[PDB]
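This is input-v2.tsv. It holds TSV, C-alpha atoms.
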chain	number	residue	atom	x	y	z
A	1	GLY	CA	-125.54	124.70	-34.99
A	2	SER	CA	-125.65	123.04	-38.40
A	3	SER	CA	-127.00	126.30	-39.80
A	4	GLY	CA	-125.60	128.56	-42.51
A	5	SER	CA	-127.08	130.56	-45.38
A	6	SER	CA	-130.83	130.50	-44.76
A	7	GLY	CA	-133.39	131.27	-47.44
A	8	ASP	CA	-136.62	129.35	-47.99
A	9	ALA	CA	-137.56	131.62	-50.89
A	10	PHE	CA	-136.96	128.83	-53.41
A	11	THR	CA	-139.50	126.50	-51.80
A	12	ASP	CA	-142.18	125.04	-54.06
A	13	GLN	CA	-144.91	126.69	-51.99
A	14	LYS	CA	-143.11	129.99	-52.57
A	15	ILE	CA	-142.46	129.21	-56.23
A	16	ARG	CA	-146.10	128.48	-57.05
A	17	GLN	CA	-147.24	131.49	-55.02
A	18	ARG	CA	-144.52	133.67	-56.54
A	19	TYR	CA	-145.66	132.92	-60.10
A	20	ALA	CA	-149.26	132.24	-59.09
A	21	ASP	CA	-150.10	135.61	-60.64
A	22	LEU	CA	-149.14	134.33	-64.09
A	23	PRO	CA	-151.99	133.30	-66.43
A	24	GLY	CA	-150.60	129.90	-67.38
A	25	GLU	CA	-150.12	127.01	-64.95
A	26	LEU	CA	-146.82	126.40	-63.16
A	27	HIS	CA	-145.38	123.02	-64.14
A	28	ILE	CA	-142.45	121.76	-62.07
A	29	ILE	CA	-140.89	118.63	-63.57
A	30	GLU	CA	-137.53	116.99	-62.86
A	31	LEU	CA	-135.61	115.93	-65.97
A	32	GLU	CA	-132.37	113.96	-65.67
A	33	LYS	CA	-129.83	115.47	-68.06
A	34	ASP	CA	-129.32	113.08	-70.97
A	35	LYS	CA	-126.08	112.14	-72.73
A	36	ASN	CA	-126.27	115.71	-74.03
A	37	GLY	CA	-128.47	117.22	-71.33
A	38	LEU	CA	-131.69	119.24	-71.31
A	39	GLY	CA	-131.94	119.85	-75.04
A	40	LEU	CA	-134.54	122.60	-75.41
A	41	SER	CA	-134.85	125.42	-77.94
A	42	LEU	CA	-135.08	128.77	-76.15
A	43	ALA	CA	-136.05	132.12	-77.66
A	44	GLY	CA	-136.59	135.63	-76.33
A	45	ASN	CA	-139.95	137.39	-76.37
A	46	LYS	CA	-141.11	138.99	-79.62
A	47	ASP	CA	-140.34	142.37	-78.08
A	48	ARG	CA	-136.76	142.68	-76.84
A	49	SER	CA	-137.88	145.03	-74.06
A	50	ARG	CA	-139.81	142.02	-72.75
A	51	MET	CA	-137.48	139.43	-71.23
A	52	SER	CA	-138.74	135.85	-71.10
A	53	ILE	CA	-137.38	132.41	-72.00
A	54	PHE	CA	-139.86	130.37	-74.05
A	55	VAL	CA	-139.67	126.83	-75.43
A	56	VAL	CA	-139.88	126.92	-79.23
A	57	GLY	CA	-138.62	123.35	-79.48
A	58	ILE	CA	-137.82	120.19	-77.54
A	59	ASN	CA	-134.84	118.16	-78.76
A	60	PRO	CA	-136.19	114.65	-79.47
A	61	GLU	CA	-132.85	113.30	-78.25
A	62	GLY	CA	-132.83	115.17	-74.94
A	63	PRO	CA	-134.53	114.29	-71.64
A	64	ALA	CA	-137.46	116.69	-71.95
A	65	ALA	CA	-138.44	114.62	-74.99
A	66	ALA	CA	-137.99	111.24	-73.31
A	67	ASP	CA	-140.09	112.22	-70.29
A	68	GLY	CA	-142.82	113.61	-72.53
A	69	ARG	CA	-143.87	116.32	-70.08
A	70	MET	CA	-142.36	119.56	-71.37
A	71	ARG	CA	-144.06	121.16	-74.38
A	72	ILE	CA	-143.70	124.13	-76.73
A	73	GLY	CA	-144.70	127.41	-75.12
A	74	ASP	CA	-143.41	126.82	-71.59
A	75	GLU	CA	-141.75	129.84	-69.99
A	76	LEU	CA	-138.79	128.79	-67.85
A	77	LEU	CA	-138.66	130.63	-64.52
A	78	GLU	CA	-136.07	128.79	-62.42
A	79	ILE	CA	-133.51	126.02	-62.88
A	80	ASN	CA	-131.45	124.28	-60.19
A	81	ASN	CA	-132.37	126.94	-57.62
A	82	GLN	CA	-131.56	129.77	-60.03
A	83	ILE	CA	-134.05	132.38	-61.23
A	84	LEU	CA	-133.80	133.08	-64.95
A	85	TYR	CA	-136.54	135.71	-65.12
A	86	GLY	CA	-134.72	138.67	-66.64
A	87	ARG	CA	-131.60	136.88	-67.85
A	88	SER	CA	-131.01	135.90	-71.48
A	89	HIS	CA	-131.99	132.42	-72.66
A	90	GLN	CA	-128.28	131.87	-73.29
A	91	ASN	CA	-127.67	132.10	-69.54
A	92	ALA	CA	-130.30	129.48	-68.70
A	93	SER	CA	-128.49	126.83	-70.74
A	94	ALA	CA	-125.26	127.74	-68.96
A	95	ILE	CA	-126.85	127.15	-65.56
A	96	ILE	CA	-128.02	123.70	-66.65
A	97	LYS	CA	-124.56	122.79	-67.95
A	98	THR	CA	-123.10	123.43	-64.50
A	99	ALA	CA	-126.09	121.75	-62.86
A	100	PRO	CA	-125.85	118.05	-61.89
A	101	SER	CA	-127.53	115.19	-63.75
A	102	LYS	CA	-130.81	115.87	-61.96
A	103	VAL	CA	-132.15	119.39	-62.51
A	104	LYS	CA	-135.42	120.90	-61.29
A	105	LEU	CA	-137.09	122.93	-64.04
A	106	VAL	CA	-139.76	125.43	-62.99
A	107	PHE	CA	-141.74	126.84	-65.92
A	108	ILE	CA	-145.31	127.86	-66.75
A	109	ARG	CA	-147.81	126.41	-69.23
A	110	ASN	CA	-149.81	129.00	-71.17
A	111	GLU	CA	-151.72	128.37	-74.40
A	112	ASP	CA	-151.01	132.03	-75.15
A	113	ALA	CA	-147.25	131.73	-74.65
A	114	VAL	CA	-146.78	130.39	-78.18
A	115	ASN	CA	-148.25	133.72	-79.29
A	116	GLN	CA	-145.91	135.69	-77.03
A	117	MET	CA	-142.64	133.88	-77.72
A	118	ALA	CA	-140.61	134.95	-80.75
A	119	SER	CA	-140.19	131.46	-82.21
A	120	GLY	CA	-136.87	132.28	-83.82
A	121	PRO	CA	-133.63	130.91	-82.34
A	122	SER	CA	-131.76	131.86	-85.51
A	123	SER	CA	-129.35	128.95	-85.07
A	124	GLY	CA	-128.71	128.27	-88.75
As a first step, turn the structure in this file into structure tokens.
Amino acid sequence: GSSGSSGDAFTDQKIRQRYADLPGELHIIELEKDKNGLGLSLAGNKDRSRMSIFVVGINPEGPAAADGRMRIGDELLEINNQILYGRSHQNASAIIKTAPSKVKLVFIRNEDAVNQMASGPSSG
């Protein structure tokens, strides 16, 4: 009866409570992919053993920049109903690419993150 794959584990209430243990503050903002998409610089945690996608940059041409909500230090957790926790930053971007114009980004804001992140995308 109009019912298929059930799973309310991606519900905001569950998202905030799931990462409620984190020190920072969960910040869920919707950014409409721009001509290029969600242009954000991701980088693994200083220590490889520690997996975590941080924001060491926010493309001034992307949406995140236009909105003016996302900042440096945010730790992406989920994107378009897809948990990134554990996966490599590279993956995250991939998920967004396949995601539609509108994409729900669920990250955390911690003034200590900047100290945790590696801050080294090594692009060029």
Give as a ChimeraX atom specification each residue that has an atom at most 8 Å from (-148.9, 126.2, -77.5) in the file, counting all atoms listed in the file. /A:71-73,110-115
Write out as a ChimeraX atom specification the residues lying within 9 Å of range 32-48 of chain A, counting all atoms listed in the file and excluding same-chain residues fewer than 5 positions away. /A:53-65,88-90,92-93,96-97,99-104,115-122
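Nearest residue to residue 81 in chain A among A:52, A:16, A:10, A:67 is A:10, counting all atoms listed in the file.
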Using only C-alpha atoms, which of A:108, A:76, A:66, A:95 sits nearest residue 31 in chain A? A:66
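Minimum atom-to-atom distance to residue 74 in chain A, evaluated using all atoms listed in the file, belongs to A:24 out of A:1, A:24, A:49, A:8.
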Around all of range 63-79 of chain A's listed atoms, make the axis-aligned box with 6 Å on each side and tell me centre and edge lengths in Å to one decimal, as lines of an AutoDock Vina configuration file.
center_x = -139.1
center_y = 120.9
center_z = -69.6
size_x = 23.2
size_y = 31.4
size_z = 26.3
What does the structure give for the distance between CA of residue 105 in chain A and CA of residue 50 in chain A, in Å to one decimal? 21.2 Å
What would the list of residues within 9 Å of (-142.6, 117.8, -59.7) (file frame) look like as a ChimeraX atom specification, if only C-alpha atoms are what count? /A:27-30,104-106
